[PDB]
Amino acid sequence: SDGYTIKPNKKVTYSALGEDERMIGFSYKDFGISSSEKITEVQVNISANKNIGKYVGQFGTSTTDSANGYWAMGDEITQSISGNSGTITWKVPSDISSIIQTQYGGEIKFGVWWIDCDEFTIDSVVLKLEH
């Protein structure tokens, strides 16, 4: 396989999230990914009832590296979406992709630091693979 998709249909209200709630988690087991597979990109497809505007945020993931606390984050992303639907893409660095933990409850986390349109739906999350 070269990719896996989930369709969570998850409604998010940004202004309702507390400080400790601004990362939204998805368990890797929900995708059906094998531990032989290397993730190269993550895409989050979102939609709203009005033009979305700017998103600012970051992705995090469970890892197998205990020295760094079993956790890694990518760089900050700013993306502007001109219409009622769009895609936020994280190109996963090689040094993170090699240690992602898909087993034992590992998660991918979608951090929302700001979004102009307050209410949106996560329609799908897509993992693209290397091999």
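The first residue of the shown sequence is 1; numbering continues from there.
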Can you tell me which stretch has the higher mean Cα B-factor, 59-67 or 31-39?
31-39
As stated in the PDB record, which stretch has the larger average Cα B-factor, 104-112 or 9-17?
9-17
Tertile call for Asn51 (CA temperature factor, within chain, third-based) is the highest
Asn84: C-alpha B-factor third of its chain, per the entry, is the highest
Name the third of the chain's ranked CA B-factors that contains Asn45, choosing lowest, middle or highest.
lowest
